[PDB]
Amino acid sequence: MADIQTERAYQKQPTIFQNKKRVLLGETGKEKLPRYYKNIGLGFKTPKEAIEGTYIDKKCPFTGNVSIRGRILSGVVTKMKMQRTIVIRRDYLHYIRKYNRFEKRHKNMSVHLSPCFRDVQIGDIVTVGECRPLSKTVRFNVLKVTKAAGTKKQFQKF
Amino acid sequence: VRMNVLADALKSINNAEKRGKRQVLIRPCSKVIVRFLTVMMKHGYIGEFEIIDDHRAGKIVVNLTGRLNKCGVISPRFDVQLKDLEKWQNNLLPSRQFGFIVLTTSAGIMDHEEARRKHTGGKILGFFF
Amino acid sequence: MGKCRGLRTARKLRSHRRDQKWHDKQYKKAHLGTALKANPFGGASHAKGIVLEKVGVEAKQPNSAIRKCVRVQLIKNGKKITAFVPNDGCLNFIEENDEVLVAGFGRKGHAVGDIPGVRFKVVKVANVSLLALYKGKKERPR
Amino acid sequence: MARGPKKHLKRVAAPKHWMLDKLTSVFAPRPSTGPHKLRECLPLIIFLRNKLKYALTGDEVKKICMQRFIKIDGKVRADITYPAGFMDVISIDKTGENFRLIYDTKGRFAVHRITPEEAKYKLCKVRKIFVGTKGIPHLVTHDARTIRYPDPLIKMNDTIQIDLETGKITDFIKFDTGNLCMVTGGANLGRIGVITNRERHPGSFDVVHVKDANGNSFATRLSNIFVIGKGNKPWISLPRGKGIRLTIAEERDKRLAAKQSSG
RNA sequence: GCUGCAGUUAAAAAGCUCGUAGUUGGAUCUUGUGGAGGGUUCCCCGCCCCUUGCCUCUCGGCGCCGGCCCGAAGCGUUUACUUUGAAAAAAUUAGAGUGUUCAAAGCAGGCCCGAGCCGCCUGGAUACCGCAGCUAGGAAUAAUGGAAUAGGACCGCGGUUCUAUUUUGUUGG
RNA sequence: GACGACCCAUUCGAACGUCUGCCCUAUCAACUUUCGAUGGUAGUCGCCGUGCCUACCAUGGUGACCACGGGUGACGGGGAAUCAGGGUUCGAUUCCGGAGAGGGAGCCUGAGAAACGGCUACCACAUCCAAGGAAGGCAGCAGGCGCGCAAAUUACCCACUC
């Protein structure tokens with residue numbers, strides 16, 4: 001919040017510039033930084049916390065340098081010990097045709113999760129879309145979070 | 001424990017028919033059992049029947065006419081498509097001239113000859129002849 | 001008697017069959033490869049070898065005879081075999097320290113009839129067939 | 001190994017609609033690089049040798065072309081494997097005849113003779129719209145033609161008419177409901193009908209529904225629809241059978257009843 | 001041996017009991033009269049209580065002498081299943097036509113005077129193409145979900161903080 | 001008219017990435033990890049995305065729904081034999097995709113090659129010599145030796161298909 005330059009190099013959004021002319025503000029002041037953000041398409045909506053926020057993240061869909069294309073998928077949040085990335089589980093049934101019967105299977109995906117989502121928990125349901133390769137094992141990025149079709153965080157009044 | 005109620009209902013009728021008894025009692029009752037009995041009754045294999053309310057799922061008494069050779073259940077409710085229904089009636093029926101497979105479909109529970117007129121597939125429940 | 005029937009059981013069914021195939025005597029020896037290392041022909045239908053020694057083996061009771069056989073060393077492995085010589089008087093064609101072609105006796109590695117422990121038979125001598133020698137169509141070139 | 005581009009074509013690998021025999025040979029003509037895709041063209045050698053039968057061998061085709069007799073879209077072409085395709089005109093001024101390439105209703109190029117005043121224009125589907133330096137607008141067609149200064153009403157998926165002596169636009173048809181079209185790919189290839197609905201998806205493919213003259217209905221991906229007339233009337237003459245696609249039982253019955261094929 | 005085997009005595013049930021993963025899991029929550037095709041009541045319209053369950057806009061054609069109506073859209077709690085569209089090399093296999101002298105094959109071939117016809121007619125079908133992904137109808141069966149530390153809703157009110165910077169004649173306040 | 005060249009768009013492609021799909025094995029139960037393993041920030045290199053590589057920092061990632069390790073007389077697919085219904089076995093082989101030119105490595109030219117009917121060196125074979133030196137790669141078509149139960153002529157032609 002109050003400081004974000006925790007790295008050895010200065011952190012800023014590309015395409016935003018601050019004028020060093022007409023700088024007078026009197027006894028008070030206003031934000032020296034305007035905010036860059038965009039529409040993703042496909043009927044998704046941009047979070048309020050991306051527009052009203054102050055974080056820097058180049059891999060963010062709403063406020064960074066990525067294009068959402070190809071497949072849209074969903075899965076269950078299962079681990080989150082990395083920084084700005086999480087692991088999600090996908091479960092399915094496989095048909096074996098000699099018998100007339102099914103077999104249970106799973107796979108894991110590592111995905112990139114930006115700030116603007118900040119109340120996610122293990123067992124939440126998440127929707128993701130493809131990007132260019134973002135790191136060695138990461139190809140997908142979080143577009144929406146939900147806990148519909150399931151029990152509450154704490155008691156039923158949540 | 002009791003994993004399936006329709007298998008009890010048909011095994012209970014089948015043992016009573018083979019002893020030559022004129023009535024049988026089925027317990028517990030279910031929406032699936034009442035709809036299956038109705039398909040046998042409409043084709044002429046059993047007499048009329050009566051339901052007892054007891055505030056705990058209920059009971060049925062059925063009247064038997066001596067015509068029934070067998071009735072039975074296929075336990076996994078396998079899916080069937082119109083192209084594969086010929087293989088099932090070749091396996092389960094005694095002749096091409098008589099006997100019926102019973103299916104559940106989104107148009108209702110029905111006779112395998114009606115499923116061809118209605119152009120629909122479904123899941124298998126059982127059979128009678 | 002108790003076989004599982006549930007609609008998601010395919011992993012239990014497929015892997016139990018796979019495990020139980022290894023109790024069939026014919027399946028096991030075809031798939032372990034120990035029988036293919038042991039067999040004195042390396043999976044062939046026939047082999048060539050050189051005649052060491054001519055021998056007579058006593059037949060098993062309830063019958064009585066001396067069965068005419070040869071002991072042979074195979075060219076491609078250098079290992080040792082004994083083989084039967086079919087028909088009346090054919091042992092006179094064979095000589096010693098020369099090539100025979102040998103074949104199986106008709107029971108896929110098991111012995112045949114009253115002859116104890118013999119698994120093979122002679123079919124060709126010095127590049128002429130025993131049938132062509134026996135029916136007088138050909139002779140040994142010397 | 002594959003260290004660069006390939007330059008041969010095996011005869012069992014060649015496009016099915018060319019109708020090549022099985023036993024004369026191992027190879028087929030590899031179409032020359034050009035305005036139409038390898039799967040979607042007809043090489044000039046197959047038209048002169050196999051369709052029109054003016055030549056018995058590839059050498060008799062070579063010595064027709066080197067005499068400068070053959071024109072495609074009004075230009076003389078000496079290349080025997082040149083990739084001609086849909087809506088092109090071929091003119092043979094020495095025999096006095098003109099052709100246009102159009103699909104038969106079984107999904108293959110028909111021979112279709114045309115009058116010399118209809119041999120003066122062609123129809124083009126729009127592929128792209130863009131702005132170049134100094135703000136000049138550009139257009140691109142299905143056959144690689146580039147046009148400067150198009151009319152600002154001409155949009156994506158529309159059909160334009162061009163005169164072949166000058167290469168400039170004369171008139172156009174808008175893509176909208178009720179207009180006549182022909183199908184240029186998929187299983188419905190070579191059918192004709194009116195556009196009756198467009199169903200759209202953001203990402204992946206749009207789907208168009210089309211209605212026949214006999215009242216049959218069929219559908220395809222938007223990339224397979226070519227518009228050929230405003231309302232009910234086409235801007236080009238059409239081949240025998242007019243795109244109606246009768247079934248194998250109707251085709252049997254007309255073949256018995258009409259006694260055609262020298263019965 | 002899934003369909004489809006066997007385990008008292010022929011080969012074969014852990015000495016006995018608990019228990020995590022795996023497989024399996026009880027009952028329950030909207031129907032009959034009327035019309036068409038067809039019968040002598042049930043499958044399509046419209047109804048006891050809801051029939052696309054709601055809704056009211058606005059860019060955008062219809063019906064008529066502005067206002068009120070009827071096709072998109074928000075979308076119907078989420079999936080399996082089933083039925084239908086689309087899109088998937090050829091050869092091979094199945095399958096239609098056709099007297100290679102018959103057949104296996106092949107993709108041909110058939111009419112007419114004589115040669116004065118400067119020729120004419122016609123084929124090179126069609127089906128199948130698991131699973132996984134895309135798509136539009138059906139809603140039985142099987143999963144899954146809502147208010148108990150009360151919240152749905154009314155053109156319903158009130159304090160307070162942030163705030164786009166439209167409508168005004170514009171550039172600035 | 002012919003030839004030529006910078007830049008757009010085409011055509012023929014190539015390269016990198018997404019989702020789902022595999023034969024036997026526990027006398028293979030835990031594995032990977034600045035000797036980069038999983039992720040973050042800045043950069044280098046490259047046709048371009050990316051631990052591709054470097055510096056600093058974090059402590060991650062996969063497994064009984066079989067990881068990690070070992071075997072395969074394992075090139076994959078279209079397909080083939082046998083077959084009431086369900087299956088079992090096979091696929092080096094004319095079409096499509098991949099890999100390789102005795103074994104490993106390096107590189108020139110070019111739009112395209114880490115090329116072998118191109119080059120440089122080591123390792124294994126081996127030819128000629130005036131002993132100083134020089135030259136080499138049939139898993140192309142014929143033909144030969146060796147191997148083994150086991151496989152054709154050192155023929156004619158660009159007439160056809162390309």
# chains A, B, ... in the order shown; residues from 1 in each chain; ligands from 1
call {"tool": "closest_atom_pairs", "arguments": {"of": "chain E", "to": "chain C", "cutoff": "10 Å", "atoms": "only C-alpha atoms (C1' of nucleotides)", "output": "Markdown table"}}
result
| residue | atom | partner | partner_atom | distance |
| --- | --- | --- | --- | --- |
| E:2 | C1' | C:13 | CA | 8.7 |
| E:5 | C1' | C:1 | CA | 9.4 |
| E:6 | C1' | C:1 | CA | 7.2 |
| E:7 | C1' | C:1 | CA | 7.8 |
| E:22 | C1' | C:12 | CA | 9.3 |
| E:23 | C1' | C:9 | CA | 6.8 |
| E:24 | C1' | C:6 | CA | 7.1 |
call {"tool": "write_last_selection", "arguments": {"atoms": "C-alpha atoms (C1' of nucleotides)", "output": "PDB file, in the first residue's frame"}}
result
ATOM      1  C1'   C E   2     -17.444 -57.138 -19.297  1.00  0.00           C
ATOM      2  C1'   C E   5     -16.333 -69.292 -14.857  1.00  0.00           C
ATOM      3  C1'   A E   6     -15.038 -71.074  -9.827  1.00  0.00           C
ATOM      4  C1'   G E   7     -13.607 -71.326  -3.810  1.00  0.00           C
ATOM      5  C1'   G E  22     -11.119 -46.815  -3.248  1.00  0.00           C
ATOM      6  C1'   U E  23     -16.097 -48.668  -4.688  1.00  0.00           C
ATOM      7  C1'   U E  24     -21.508 -48.483  -3.188  1.00  0.00           C
TER       8        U E  24
END
call {"tool": "select_by_dssp", "arguments": {"residues": "chain B", "states": "strand (DSSP E or B)", "output": "PyMOL selection string"}}
result
chain B and resi 23-26+49-52+59-63+71-73+79-80+100-105+108-111+122-128
call {"tool": "residues_around", "arguments": {"residues": "region 24-41 of chain C", "least_positions_apart": "5", "cutoff": "9 Å", "atoms": "only C-alpha atoms (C1' of nucleotides)", "output": "ChimeraX atom specification"}}
result
/C:46-47,74,77,79-81,109 /F:24
call {"tool": "closest_atom_pairs", "arguments": {"of": "chain A", "to": "chain D", "cutoff": "10 Å", "atoms": "only C-alpha atoms", "output": "Markdown table"}}
result
| residue | atom | partner | partner_atom | distance |
| --- | --- | --- | --- | --- |
| A:41 | CA | D:202 | CA | 8.5 |
| A:42 | CA | D:202 | CA | 6.3 |
| A:43 | CA | D:202 | CA | 8.9 |
| A:69 | CA | D:203 | CA | 8.0 |
| A:70 | CA | D:203 | CA | 7.7 |
| A:71 | CA | D:203 | CA | 9.4 |
call {"tool": "residues_around", "arguments": {"residues": "residue 70 (chain F)", "least_positions_apart": "6", "cutoff": "12 Å", "atoms": "only C-alpha atoms (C1' of nucleotides)", "output": "ChimeraX atom specification"}}
result
/F:24-26,28
call {"tool": "write_last_selection", "arguments": {"atoms": "N, CA, C and O atoms (P, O5', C5', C4', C3', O3' and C1' of nucleotides)", "output": "PDB file, in the first residue's frame"}}
result
ATOM      1  P     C F  24      -0.058 -53.665 -20.229  1.00  0.00           P
ATOM      2  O5'   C F  24       1.318 -54.254 -19.674  1.00  0.00           O
ATOM      3  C5'   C F  24       1.648 -55.621 -19.788  1.00  0.00           C
ATOM      4  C4'   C F  24       3.049 -55.861 -19.226  1.00  0.00           C
ATOM      5  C3'   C F  24       3.195 -55.505 -17.750  1.00  0.00           C
ATOM      6  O3'   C F  24       2.684 -56.477 -16.845  1.00  0.00           O
ATOM      7  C1'   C F  24       5.096 -54.771 -19.023  1.00  0.00           C
ATOM      8  P     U F  25       2.209 -56.087 -15.361  1.00  0.00           P
ATOM      9  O5'   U F  25       3.574 -55.725 -14.595  1.00  0.00           O
ATOM     10  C5'   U F  25       4.524 -56.713 -14.232  1.00  0.00           C
ATOM     11  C4'   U F  25       5.858 -56.100 -13.768  1.00  0.00           C
ATOM     12  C3'   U F  25       5.785 -55.321 -12.456  1.00  0.00           C
ATOM     13  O3'   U F  25       5.909 -56.160 -11.314  1.00  0.00           O
ATOM     14  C1'   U F  25       7.041 -54.098 -14.092  1.00  0.00           C
ATOM     15  P     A F  26       5.258 -55.774  -9.900  1.00  0.00           P
ATOM     16  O5'   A F  26       6.289 -54.767  -9.190  1.00  0.00           O
ATOM     17  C5'   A F  26       7.547 -55.186  -8.664  1.00  0.00           C
ATOM     18  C4'   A F  26       7.823 -54.674  -7.236  1.00  0.00           C
ATOM     19  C3'   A F  26       6.786 -55.193  -6.232  1.00  0.00           C
ATOM     20  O3'   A F  26       7.330 -55.440  -4.935  1.00  0.00           O
ATOM     21  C1'   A F  26       6.760 -52.799  -6.342  1.00  0.00           C
ATOM     22  P     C F  28      12.521 -55.027  -8.289  1.00  0.00           P
ATOM     23  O5'   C F  28      12.550 -54.249  -6.881  1.00  0.00           O
ATOM     24  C5'   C F  28      11.544 -53.338  -6.445  1.00  0.00           C
ATOM     25  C4'   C F  28      11.927 -51.868  -6.685  1.00  0.00           C
ATOM     26  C3'   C F  28      11.038 -50.903  -5.896  1.00  0.00           C
ATOM     27  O3'   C F  28      11.562 -50.643  -4.594  1.00  0.00           O
ATOM     28  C1'   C F  28      11.247 -50.207  -8.183  1.00  0.00           C
TER      29        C F  28
END
call {"tool": "closest_residue", "arguments": {"among": "A:142, A:110, A:122, A:98", "to": "chain C", "atoms": "only C-alpha atoms"}}
result
A:98
call {"tool": "closest_atom_pairs", "arguments": {"of": "chain E", "to": "chain B", "cutoff": "6 Å", "atoms": "only C-alpha atoms (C1' of nucleotides)", "output": "CSV"}}
result
residue,atom,partner,partner_atom,distance
E:25,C1',B:3,CA,5.7
E:27,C1',B:57,CA,5.0
E:82,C1',B:121,CA,5.5
E:138,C1',B:106,CA,5.9
E:139,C1',B:106,CA,5.2
E:140,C1',B:106,CA,4.6
call {"tool": "interface_residues", "arguments": {"of": "chain D", "to": "chain F", "cutoff": "10 Å", "atoms": "only C-alpha atoms (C1' of nucleotides)", "output": "ChimeraX atom specification"}}
result
/D:1-13,24-30,32-38,57-58,128,132,139-146
call {"tool": "write_last_selection", "arguments": {"atoms": "N, CA, C and O atoms", "output": "short mmCIF file (atom, residue, chain, number, x, y, z; two decimals), in the first residue's frame"}}
result
data_model
loop_
_atom_site.label_atom_id
_atom_site.label_comp_id
_atom_site.auth_asym_id
_atom_site.auth_seq_id
_atom_site.Cartn_x
_atom_site.Cartn_y
_atom_site.Cartn_z
N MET D 1 14.81 -36.73 -44.10
CA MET D 1 14.80 -35.41 -43.42
C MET D 1 14.04 -34.38 -44.26
O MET D 1 13.80 -34.61 -45.44
N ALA D 2 13.67 -33.24 -43.66
CA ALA D 2 13.04 -32.10 -44.33
C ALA D 2 13.82 -30.81 -44.01
O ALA D 2 13.59 -30.17 -42.99
N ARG D 3 14.77 -30.45 -44.88
CA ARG D 3 15.66 -29.28 -44.72
C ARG D 3 15.17 -28.03 -45.47
O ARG D 3 15.81 -26.98 -45.41
N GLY D 4 14.05 -28.11 -46.17
CA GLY D 4 13.44 -27.01 -46.92
C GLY D 4 12.08 -27.39 -47.52
O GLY D 4 11.56 -28.46 -47.21
N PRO D 5 11.50 -26.55 -48.39
CA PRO D 5 10.19 -26.80 -49.00
C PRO D 5 10.18 -27.96 -50.00
O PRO D 5 11.17 -28.20 -50.69
N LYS D 6 9.05 -28.68 -50.09
CA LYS D 6 8.83 -29.80 -51.03
C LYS D 6 8.32 -29.34 -52.40
O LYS D 6 7.66 -28.32 -52.51
N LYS D 7 8.60 -30.12 -53.46
CA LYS D 7 8.27 -29.78 -54.86
C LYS D 7 7.74 -30.93 -55.74
O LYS D 7 7.76 -30.85 -56.96
N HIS D 8 7.18 -31.98 -55.13
CA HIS D 8 6.50 -33.13 -55.78
C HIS D 8 5.12 -33.37 -55.13
O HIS D 8 4.83 -32.83 -54.06
N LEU D 9 4.26 -34.16 -55.76
CA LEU D 9 2.94 -34.57 -55.26
C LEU D 9 2.62 -36.00 -55.73
O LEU D 9 2.58 -36.26 -56.93
N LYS D 10 2.42 -36.94 -54.81
CA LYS D 10 2.02 -38.32 -55.14
C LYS D 10 0.55 -38.36 -55.57
O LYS D 10 -0.28 -37.63 -55.04
N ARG D 11 0.20 -39.23 -56.50
CA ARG D 11 -1.12 -39.24 -57.14
C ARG D 11 -2.29 -39.64 -56.23
O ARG D 11 -3.37 -39.10 -56.36
N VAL D 12 -2.06 -40.53 -55.26
CA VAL D 12 -3.03 -40.83 -54.18
C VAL D 12 -3.12 -39.74 -53.11
O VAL D 12 -4.08 -39.71 -52.35
N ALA D 13 -2.18 -38.80 -53.04
CA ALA D 13 -2.24 -37.65 -52.14
C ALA D 13 -2.94 -36.42 -52.76
O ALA D 13 -3.31 -35.49 -52.03
N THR D 24 -2.02 -45.11 -64.40
CA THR D 24 -1.05 -44.56 -65.37
C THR D 24 0.29 -44.17 -64.74
O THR D 24 1.27 -44.03 -65.47
N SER D 25 0.34 -43.90 -63.43
CA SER D 25 1.47 -43.18 -62.85
C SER D 25 1.55 -43.11 -61.32
O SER D 25 0.58 -43.35 -60.61
N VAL D 26 2.74 -42.73 -60.83
CA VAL D 26 3.05 -42.47 -59.41
C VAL D 26 2.82 -41.00 -59.01
O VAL D 26 2.39 -40.72 -57.89
N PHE D 27 3.09 -40.04 -59.90
CA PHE D 27 3.06 -38.60 -59.62
C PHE D 27 1.84 -37.90 -60.22
O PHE D 27 1.23 -38.39 -61.16
N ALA D 28 1.50 -36.73 -59.69
CA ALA D 28 0.51 -35.80 -60.23
C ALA D 28 1.13 -34.39 -60.37
O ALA D 28 2.13 -34.11 -59.72
N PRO D 29 0.57 -33.50 -61.21
CA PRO D 29 1.09 -32.15 -61.37
C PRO D 29 1.00 -31.37 -60.05
O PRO D 29 -0.09 -31.18 -59.52
N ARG D 30 2.13 -30.91 -59.51
CA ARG D 30 2.17 -30.01 -58.34
C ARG D 30 1.76 -28.61 -58.81
O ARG D 30 2.46 -28.07 -59.67
N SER D 32 1.54 -24.79 -59.51
CA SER D 32 2.48 -23.68 -59.41
C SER D 32 2.04 -22.74 -58.28
O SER D 32 0.84 -22.59 -58.04
N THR D 33 2.96 -22.13 -57.55
CA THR D 33 2.62 -21.18 -56.48
C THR D 33 1.87 -19.99 -57.09
O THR D 33 2.27 -19.52 -58.15
N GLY D 34 0.78 -19.49 -56.49
CA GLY D 34 -0.05 -18.48 -57.15
C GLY D 34 -1.29 -18.04 -56.38
O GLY D 34 -1.39 -18.29 -55.18
N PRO D 35 -2.26 -17.37 -57.04
CA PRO D 35 -3.42 -16.73 -56.39
C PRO D 35 -4.38 -17.62 -55.59
O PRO D 35 -5.16 -17.09 -54.79
N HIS D 36 -4.38 -18.94 -55.80
CA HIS D 36 -5.29 -19.90 -55.17
C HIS D 36 -4.54 -21.01 -54.42
O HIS D 36 -3.46 -21.41 -54.85
N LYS D 37 -5.11 -21.51 -53.32
CA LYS D 37 -4.53 -22.59 -52.51
C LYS D 37 -4.45 -23.92 -53.26
O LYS D 37 -5.33 -24.22 -54.07
N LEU D 38 -3.46 -24.75 -52.95
CA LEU D 38 -3.19 -26.03 -53.63
C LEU D 38 -4.39 -27.00 -53.62
O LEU D 38 -4.61 -27.73 -54.58
N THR D 57 -1.25 -35.97 -74.30
CA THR D 57 -0.10 -36.07 -73.39
C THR D 57 0.32 -34.68 -72.89
O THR D 57 -0.11 -33.67 -73.43
N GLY D 58 1.16 -34.60 -71.85
CA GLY D 58 1.66 -33.33 -71.33
C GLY D 58 2.50 -32.51 -72.33
O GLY D 58 2.49 -31.29 -72.29
N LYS D 128 -10.05 -8.37 -46.53
CA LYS D 128 -9.40 -7.39 -45.63
C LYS D 128 -9.65 -5.95 -46.06
O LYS D 128 -9.76 -5.65 -47.25
N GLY D 132 -3.19 2.71 -45.26
CA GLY D 132 -1.74 2.87 -45.47
C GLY D 132 -1.24 4.28 -45.17
O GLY D 132 -1.98 5.13 -44.68
N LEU D 139 -8.04 -2.31 -50.07
CA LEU D 139 -8.91 -3.50 -50.08
C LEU D 139 -8.11 -4.74 -50.54
O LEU D 139 -7.25 -4.61 -51.41
N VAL D 140 -8.43 -5.93 -50.03
CA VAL D 140 -7.86 -7.22 -50.49
C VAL D 140 -8.97 -8.23 -50.80
O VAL D 140 -9.92 -8.37 -50.02
N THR D 141 -8.87 -8.95 -51.92
CA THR D 141 -9.86 -9.96 -52.37
C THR D 141 -9.42 -11.41 -52.13
O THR D 141 -8.26 -11.69 -51.83
N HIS D 142 -10.34 -12.37 -52.30
CA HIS D 142 -10.07 -13.82 -52.16
C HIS D 142 -9.01 -14.41 -53.13
O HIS D 142 -8.57 -15.54 -52.94
N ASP D 143 -8.61 -13.66 -54.16
CA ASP D 143 -7.66 -14.04 -55.20
C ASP D 143 -6.45 -13.07 -55.27
O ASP D 143 -5.90 -12.82 -56.33
N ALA D 144 -6.04 -12.52 -54.12
CA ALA D 144 -4.83 -11.71 -53.92
C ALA D 144 -4.76 -10.33 -54.61
O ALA D 144 -3.73 -9.66 -54.54
N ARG D 145 -5.83 -9.87 -55.26
CA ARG D 145 -5.91 -8.53 -55.86
C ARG D 145 -5.96 -7.45 -54.78
O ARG D 145 -6.76 -7.55 -53.85
N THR D 146 -5.14 -6.41 -54.91
CA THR D 146 -5.09 -5.24 -54.01
C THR D 146 -5.63 -4.01 -54.73
O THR D 146 -5.16 -3.69 -55.83
#
call {"tool": "residues_around", "arguments": {"residues": "residue 116 (chain D)", "least_positions_apart": "3", "cutoff": "10 Å", "atoms": "only C-alpha atoms (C1' of nucleotides)", "output": "list in words"}}
result
residues 91, 96, 97, 98, 99, 113, 119 and 120 of chain D
call {"tool": "interface_residues", "arguments": {"of": "chain F", "to": "chain A", "cutoff": "10 Å", "atoms": "only C-alpha atoms (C1' of nucleotides)", "output": "PDB file with C-alpha atoms (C1' of nucleotides), in the first residue's frame"}}
result
ATOM      1  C1'   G F  17       2.535 -23.382 -27.643  1.00  0.00           C
ATOM      2  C1'   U F  18      -3.130 -25.376 -25.735  1.00  0.00           C
ATOM      3  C1'   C F  19      -6.805 -29.658 -24.340  1.00  0.00           C
ATOM      4  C1'   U F  20      -7.522 -35.296 -24.264  1.00  0.00           C
ATOM      5  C1'   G F  21      -5.386 -40.079 -25.577  1.00  0.00           C
ATOM      6  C1'   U F  38       9.308 -24.381  -8.564  1.00  0.00           C
ATOM      7  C1'   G F  39       8.372 -19.224  -8.586  1.00  0.00           C
ATOM      8  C1'   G F  40       9.528 -13.343  -8.509  1.00  0.00           C
ATOM      9  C1'   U F  41      12.383  -8.436 -10.258  1.00  0.00           C
ATOM     10  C1'   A F  42      16.090  -6.395 -13.902  1.00  0.00           C
ATOM     11  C1'   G F  49       7.261 -16.107 -26.071  1.00  0.00           C
ATOM     12  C1'   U F  50      10.073 -18.628 -22.009  1.00  0.00           C
ATOM     13  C1'   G F  51      15.181 -20.400 -16.181  1.00  0.00           C
ATOM     14  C1'   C F  56      19.849 -10.911  -6.367  1.00  0.00           C
ATOM     15  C1'   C F  57      15.651 -12.926  -3.515  1.00  0.00           C
ATOM     16  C1'   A F  58      11.874 -16.502  -1.949  1.00  0.00           C
ATOM     17  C1'   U F  59      11.096 -22.148  -0.567  1.00  0.00           C
ATOM     18  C1'   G F  60       8.865 -24.191  -3.747  1.00  0.00           C
ATOM     19  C1'   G F  61       7.176 -28.579  -7.525  1.00  0.00           C
ATOM     20  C1'   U F  62       5.296 -34.247  -8.453  1.00  0.00           C
ATOM     21  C1'   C F  65      -6.461 -41.351  -9.228  1.00  0.00           C
ATOM     22  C1'   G F  86     -18.353 -59.118 -26.876  1.00  0.00           C
ATOM     23  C1'   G F  87     -13.098 -59.841 -28.197  1.00  0.00           C
TER      24        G F  87
END
call {"tool": "decode", "arguments": {"residues": "region 230-243 of chain D", "atoms": "C-alpha atoms", "output": "compact mmCIF listing (two decimals), in the first residue's frame"}}
result
# COMPACT_ATOMS: atom_id res chain seq x y z
CA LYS D 230 -28.94 -8.94 -54.44
CA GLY D 231 -32.23 -10.60 -53.36
CA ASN D 232 -33.42 -13.58 -55.47
CA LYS D 233 -31.45 -12.93 -58.79
CA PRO D 234 -27.75 -13.93 -59.50
CA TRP D 235 -25.21 -11.62 -61.27
CA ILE D 236 -23.73 -14.64 -63.19
CA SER D 237 -25.19 -17.39 -65.42
CA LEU D 238 -25.44 -20.84 -63.66
CA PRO D 239 -24.65 -24.46 -64.84
CA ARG D 240 -27.07 -27.40 -65.46
CA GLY D 241 -28.88 -28.45 -62.22
CA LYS D 242 -28.64 -24.91 -60.64
CA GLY D 243 -27.33 -26.11 -57.20
